[PDB]
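A.B. asks: Give me the fold of what follows.
(2 chains)
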Amino acid sequence: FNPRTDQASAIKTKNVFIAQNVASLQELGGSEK
Amino acid sequence: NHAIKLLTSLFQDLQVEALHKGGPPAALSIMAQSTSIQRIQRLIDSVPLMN
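C.D. replies: Numbers count the residues shown, from 1 in each chain, chains lettered A, B, ... in the order given. There you are, the coordinates:
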């Protein structure tokens, strides 16, 4: 996994999580669905 | 630096195009509308890109 970018660390983690979800959606082509 | 940034942007649009993994090289014109793949194809044809 590539991050591809302590109080803001959680935000970064959330950002990473968000990006991952978006990526998965695109992989699934769920956007079109 | 500028060339690297432009390459990044073009390849990222090529990925937006090959959603779920889915011609001649792009002509050198502002109105030369082509597939994102053809644009990258032109760059690869012009200069060994990875090398």
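
A.B. asks: quick one: contacts for the residue of chain A found nearest chain B?
C.D. replies: Relative to chain B, the nearest point of chain A is residue A:29 (4.2 Å; CB to the nearest CB). The C-beta positions use only the backbone N, C-alpha and C, and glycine is treated the same way. When contacts are counted by CB atoms under 8 Å, 6 or more residues apart in numbering or on different chains, residue A:29 touches B:19-20.

A.B. asks: gap between it and residue B:3?
C.D. replies: 32 Å (CB to CB, to the nearest Å).

A.B. asks: what does residue A:14 give?
C.D. replies: Counting by CB to CB, the gap from residue A:14 to residue B:3 is 33 Å.

A.B. asks: Contact partners for residue A:25?
C.D. replies: residue A:31.

A.B. asks: Quick one: classify it as helix, strand or coil.
C.D. replies: helix (DSSP: H, G, I helix; E, B strand; the rest coil).

A.B. asks: From the centroid of chain B, which residue is nearest?
C.D. replies: Central residue of chain B (CA atoms, centre = their mean): residue B:40, 2.4 Å from the mean position.
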